[PDB]
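Reading through the structure tokens given below for one structure.
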2 protein chains.
Amino acid sequence: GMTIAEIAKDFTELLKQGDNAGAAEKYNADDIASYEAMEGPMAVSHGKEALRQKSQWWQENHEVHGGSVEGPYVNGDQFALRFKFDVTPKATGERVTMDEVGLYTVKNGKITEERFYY
Amino acid sequence: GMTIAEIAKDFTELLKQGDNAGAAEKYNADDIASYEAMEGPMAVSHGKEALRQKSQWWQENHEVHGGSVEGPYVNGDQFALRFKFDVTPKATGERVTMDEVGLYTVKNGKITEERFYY
């Protein structure tokens, strides 16, 4: 029913409102594949509920001080967002600004893949 | 008042029996630190609930095909276990054998740190 442009707009709006979990629950495909930019073993994730667990883990391990979302930028079945996060990881305790691009693939109205570039 | 030997034996038996969640809830300190060997997205974790999420994430992304837990091996305030198990990560769909050593630090009856060696 909704077009990629509408899905992209709603999802981005939700993230700008800081409603990351609502955005994910609403739009992620049951089998969403998520690919972190950082090299390593748990970079790749499969499954909507797995991703929710990873997202909760990430919130428990970072203090988010602020941030912005720019986009959506659309091309065909995908949209890109540009994220800037002001965060203190518990792992380091050293405040940093993270700058990345997320690329979201949409099929049948659900995000089937998210890939982050850093 | 449980000795390290007692805690170690109970925790090990629980892991051998497959009660990973029970061992974690019974013994992990609220501020437990978990360190993978691999660098990567969930390589360093802090908090008991964070570890529960990481652990659920891991379970959802791997099929475990058996294996064994050897130990506990004790010295002072710590114990070590050796884990050898076949697993199929959802990311690759290719079955591999994992062989790792876990080192557990106990303070006031609770596991304050777990550290994995690969």
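Ligands are numbered from 1 in the order shown, residues from 1 within each chain, and chains are lettered A, B, ... in the order they appear in the structure tokens.
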Env of residue B:38: 12 Å cut, atoms = only C-alpha atoms, seq-sep filter 5 positions within chain, self excluded. Answer as a PyMOL selection string. (chain A and resi 39-43) or (chain B and resi 43-44+100+115-118)
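All C-alpha atoms of chain B, paired in order with those of chain A and superposed by least squares, deviate by 0.6 Å RMSD.
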Within 12 Å of chain A, which residues belong to chain B? Use only C-alpha atoms and report them as an NGL selection string. :B and (31-62 or 89-93)
Put those residues in a file: N, CA and C atoms, as a CSV table (one decimal), in the first residue's frame.
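Result went into part_36.csv, see below:
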```csv
chain,number,residue,atom,x,y,z
B,31,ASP,N,26.9,-5.9,37.2
B,31,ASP,CA,27.9,-5.1,36.3
B,31,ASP,C,28.9,-6.1,35.7
B,32,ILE,N,28.5,-7.3,35.4
B,32,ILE,CA,29.5,-8.2,34.8
B,32,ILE,C,30.0,-7.6,33.4
B,33,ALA,N,31.4,-7.8,33.3
B,33,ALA,CA,32.1,-7.4,32.0
B,33,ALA,C,32.4,-8.6,31.2
B,34,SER,N,32.1,-8.7,29.9
B,34,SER,CA,32.3,-9.8,29.1
B,34,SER,C,33.2,-9.4,28.0
B,35,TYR,N,34.3,-10.2,27.8
B,35,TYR,CA,35.3,-9.9,26.8
B,35,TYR,C,35.6,-11.0,25.8
B,36,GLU,N,35.2,-10.8,24.5
B,36,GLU,CA,35.5,-11.7,23.5
B,36,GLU,C,37.0,-11.5,23.1
B,37,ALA,N,37.6,-12.4,22.4
B,37,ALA,CA,39.0,-12.3,21.9
B,37,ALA,C,39.2,-11.5,20.7
B,38,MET,N,37.6,-12.3,19.8
B,38,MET,CA,37.6,-11.7,18.5
B,38,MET,C,37.5,-10.2,18.6
B,39,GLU,N,38.2,-8.5,18.0
B,39,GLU,CA,37.6,-7.2,18.0
B,39,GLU,C,36.4,-7.3,17.1
B,40,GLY,N,35.3,-6.6,17.4
B,40,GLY,CA,34.0,-6.6,16.7
B,40,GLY,C,32.9,-5.9,17.5
B,41,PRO,N,31.7,-5.9,16.8
B,41,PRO,CA,30.5,-5.2,17.3
B,41,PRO,C,30.1,-5.5,18.7
B,42,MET,N,30.2,-6.8,19.2
B,42,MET,CA,29.8,-7.0,20.6
B,42,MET,C,30.9,-7.7,21.4
B,43,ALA,N,32.2,-7.3,21.0
B,43,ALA,CA,33.4,-7.8,21.7
B,43,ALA,C,33.6,-7.4,23.2
B,44,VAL,N,33.1,-6.2,23.6
B,44,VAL,CA,33.2,-5.9,25.0
B,44,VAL,C,31.8,-5.5,25.5
B,45,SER,N,31.4,-6.2,26.5
B,45,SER,CA,30.0,-5.9,27.0
B,45,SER,C,30.0,-5.7,28.5
B,46,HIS,N,29.2,-4.7,29.0
B,46,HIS,CA,29.1,-4.4,30.4
B,46,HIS,C,27.6,-4.4,30.8
B,47,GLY,N,27.3,-5.1,31.9
B,47,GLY,CA,25.9,-5.2,32.5
B,47,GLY,C,25.4,-6.6,32.3
B,48,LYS,N,24.6,-7.0,33.3
B,48,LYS,CA,24.0,-8.4,33.4
B,48,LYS,C,23.0,-8.5,32.3
B,49,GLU,N,22.1,-7.6,32.2
B,49,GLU,CA,21.0,-7.6,31.2
B,49,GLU,C,21.6,-7.5,29.8
B,50,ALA,N,22.6,-6.7,29.7
B,50,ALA,CA,23.3,-6.6,28.3
B,50,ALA,C,23.8,-7.9,27.9
B,51,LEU,N,24.3,-8.7,28.9
B,51,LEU,CA,24.8,-10.0,28.5
B,51,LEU,C,23.7,-11.0,28.1
B,52,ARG,N,22.6,-10.9,28.8
B,52,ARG,CA,21.4,-11.7,28.5
B,52,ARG,C,21.0,-11.4,27.0
B,53,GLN,N,21.1,-10.1,26.7
B,53,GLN,CA,20.7,-9.8,25.3
B,53,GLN,C,21.7,-10.3,24.3
B,54,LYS,N,22.9,-10.1,24.6
B,54,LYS,CA,24.0,-10.6,23.7
B,54,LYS,C,23.8,-12.2,23.6
B,55,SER,N,23.5,-12.8,24.7
B,55,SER,CA,23.4,-14.3,24.7
B,55,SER,C,22.2,-14.7,23.9
B,56,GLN,N,21.1,-14.0,24.0
B,56,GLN,CA,19.9,-14.3,23.2
B,56,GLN,C,20.2,-14.1,21.7
B,57,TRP,N,20.9,-13.0,21.5
B,57,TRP,CA,21.3,-12.7,20.1
B,57,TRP,C,22.1,-13.8,19.5
B,58,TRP,N,23.1,-14.2,20.2
B,58,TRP,CA,24.0,-15.3,19.7
B,58,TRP,C,23.1,-16.6,19.4
B,59,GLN,N,22.3,-17.0,20.3
B,59,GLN,CA,21.4,-18.2,20.2
B,59,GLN,C,20.6,-18.1,18.9
B,60,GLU,N,20.0,-16.9,18.7
B,60,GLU,CA,19.2,-16.7,17.5
B,60,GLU,C,19.9,-16.8,16.1
B,61,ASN,N,21.2,-16.6,16.2
B,61,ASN,CA,22.1,-16.5,15.0
B,61,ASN,C,23.0,-17.7,14.8
B,62,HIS,N,22.8,-18.7,15.7
B,62,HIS,CA,23.7,-20.0,15.6
B,62,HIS,C,22.8,-21.2,15.9
B,89,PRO,N,26.8,-20.9,12.1
B,89,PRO,CA,26.4,-19.5,12.1
B,89,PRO,C,25.4,-19.3,11.0
B,90,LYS,N,24.3,-18.6,11.3
B,90,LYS,CA,23.3,-18.2,10.3
B,90,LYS,C,24.0,-17.3,9.2
B,91,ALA,N,25.0,-16.5,9.5
B,91,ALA,CA,25.7,-15.6,8.6
B,91,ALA,C,26.3,-16.4,7.4
B,92,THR,N,26.9,-17.6,7.7
B,92,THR,CA,27.6,-18.4,6.7
B,92,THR,C,26.8,-19.6,6.3
B,93,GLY,N,26.0,-20.2,7.2
B,93,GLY,CA,25.4,-21.5,6.9
B,93,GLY,C,26.4,-22.6,6.8
```
Just asking: which residues within chain A are strand (DSSP E or B) according to DSSP, as a tab-separated table (two decimals) with C-alpha atoms, in the first residue's frame?
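This went into selection_11.tsv:
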```tsv
chain	number	residue	atom	x	y	z
A	28	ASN	CA	11.74	-4.58	9.79
A	29	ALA	CA	11.09	-7.83	7.89
A	30	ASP	CA	10.88	-10.94	10.09
A	31	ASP	CA	14.12	-12.11	8.40
A	32	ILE	CA	15.91	-8.77	8.32
A	33	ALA	CA	19.67	-9.05	7.62
A	34	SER	CA	21.80	-6.42	9.32
A	35	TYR	CA	25.41	-5.72	8.34
A	44	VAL	CA	26.23	-9.81	10.65
A	45	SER	CA	22.80	-10.42	12.06
A	46	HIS	CA	19.75	-12.27	10.81
A	62	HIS	CA	26.44	3.37	25.16
A	63	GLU	CA	25.34	6.67	26.65
A	64	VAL	CA	23.81	8.58	23.74
A	65	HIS	CA	24.38	12.31	24.27
A	66	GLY	CA	22.72	13.56	21.13
A	67	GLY	CA	22.59	13.17	17.39
A	68	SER	CA	20.96	13.75	14.03
A	69	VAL	CA	19.52	11.85	11.10
A	70	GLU	CA	19.66	13.25	7.54
A	71	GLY	CA	17.56	11.75	4.74
A	72	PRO	CA	15.89	9.76	3.37
A	73	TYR	CA	17.78	9.65	0.09
A	74	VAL	CA	16.02	7.21	-2.24
A	75	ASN	CA	16.92	5.12	-5.27
A	78	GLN	CA	16.34	1.42	-1.20
A	79	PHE	CA	16.85	4.50	0.92
A	80	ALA	CA	19.98	5.85	2.65
A	81	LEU	CA	20.26	7.80	5.88
A	82	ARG	CA	23.19	9.71	7.32
A	83	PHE	CA	23.63	9.42	11.05
A	84	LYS	CA	25.76	11.47	13.44
A	85	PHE	CA	25.70	10.19	17.06
A	86	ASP	CA	27.33	11.85	20.09
A	87	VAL	CA	28.05	8.82	22.29
A	88	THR	CA	30.14	7.54	25.26
A	89	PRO	CA	30.70	3.77	24.97
A	96	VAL	CA	33.17	10.23	20.45
A	97	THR	CA	31.02	11.34	17.53
A	98	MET	CA	30.13	8.47	15.22
A	99	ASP	CA	29.38	9.31	11.60
A	100	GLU	CA	27.81	6.66	9.38
A	101	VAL	CA	25.54	5.87	6.48
A	102	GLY	CA	22.75	3.29	6.67
A	103	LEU	CA	21.39	1.74	3.50
A	104	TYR	CA	17.92	0.15	3.77
A	105	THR	CA	16.44	-2.32	1.26
A	106	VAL	CA	12.65	-2.63	1.05
A	107	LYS	CA	10.61	-5.57	-0.29
A	110	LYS	CA	9.33	-4.29	4.95
A	111	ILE	CA	13.02	-3.59	5.38
A	112	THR	CA	14.75	-6.84	4.38
A	113	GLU	CA	18.28	-5.48	4.82
A	114	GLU	CA	20.16	-2.71	6.58
A	115	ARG	CA	23.86	-2.14	5.87
A	116	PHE	CA	26.03	0.43	7.67
A	117	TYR	CA	29.01	2.24	6.21
```
Using backbone DSSP assignments, extract all helix (DSSP H, G or I) residues from chain A; output them as JSON, numbers by chain. {"A": [4, 5, 6, 7, 8, 9, 10, 11, 12, 13, 14, 15, 16, 20, 21, 22, 23, 24, 25, 26, 27, 48, 49, 50, 51, 52, 53, 54, 55, 56, 57, 58, 59, 60, 61]}
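The gap separating atom CA of residue B:25 from atom CA of residue B:1 is 18.0 Å, in Å to one decimal.
For the pair atom CA of residue B:76 and atom CA of residue B:5, the separation is 9.5 Å.
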How many Å separate atom CA of residue A:18 from atom CA of residue A:77? 24.3 Å
